[PDB]
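Before any comments, here is the structure.
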Ligand SMILES: CCCCCCCCCCCCO[C@@H]1O[C@H](CO)[C@@H](O[C@H]2O[C@H](CO)[C@@H](O)[C@H](O)[C@H]2O)[C@H](O)[C@H]1O
Ligand SMILES: COCCOCCOCCOc1ccc(C(C)(C)CC(C)(C)C)cc1
């Protein structure tokens, strides 16, 4: 009780707080999915620009 | 209210009751004669103080770490 700071039970436990890990997994999947597309676009642009000028 | 037979415990004749055995040479063993063998805890009281302190402290440590 003294260490928790709560007289009833722990806090930040529960599916409302546990689900955030799975939300992070999904968010990271989406973020990498979009970042790969953006990196491919930028790489195509750079490979065009350099070999046209350089 | 009640007849004398119920009060005195017999209708006609008072029956002899077998007395209680004593077991000479040793202490009586009954539900009320157990403090002869089991006194209140008196040997590990200071250890109780120490262990209560350490239990409180360790519980608080791990609970705070879990919460944080
Ligand atoms: C008062 C208003 C009108 C209502 C009257 C009736 C009230 C009845 C309720 C009270 C009952 C008391 O019941 C009481 O039980 C005990 C049991 O321990 C009986 O006890 C009897 O039996 C025991 C053994 O069992 C015998 O060893 C003992 O000598 C004898 O007294 C009492 O004789 C009886 O009086
Ligand atoms: C969960 O509760 C356990 C209930 O069972 C109680 C077990 O009781 C067995 C106790 O065994 C003994 C036997 C003898 C003794 C002696 C006679 C040596 C004690 C003495 C010398 C203090 C009278 C003590 C304990």
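Throughout, read-outs are computed from the coordinates displayed, never taken from laboratory work. Here the Cβ positions follow ideal geometry from the backbone for every residue, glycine too, while neighbour counts run over all protein chains shown.
Miscellaneous remarks
- Only helices enter this figure: runs of n ≥ 4 DSSP H residues, each worth -39500 (n - 2.57), summed and divided by the residues of chain B, yield -13500 deg cm²/dmol at 222 nm to the nearest 500.
- Test item: A:10-19 mean partner chain Cβ contacts at 10 Å: 1
- The angle separating the long axis of helix B:45-67 from the principal Cα axis of greatest extent in chain B is about 50 degrees.
- Per-q log10 I(q)/I(0), chain B, q = 0.16, 0.19 Å⁻¹ (Debye; single scatterer per alpha-carbon; no solvent): -0.85, -0.91
- When the helices of chain A are scored as -39500 (n - 2.57) per DSSP H run of n ≥ 4 and the total is divided over every residue, the value at 222 nm lands at -26500 deg cm²/dmol.
- Here the protein assembly as shown is treated as a Stokes sphere of Kirkwood radius computed over C-alpha pairs; at 4 °C and 1.567 mPa s its diffusion coefficient rounds to 51 µm²/s.
- Note on B:55-68: average number of Cβ atoms from other chains within 10 Å of each residue's Cβ is 3.
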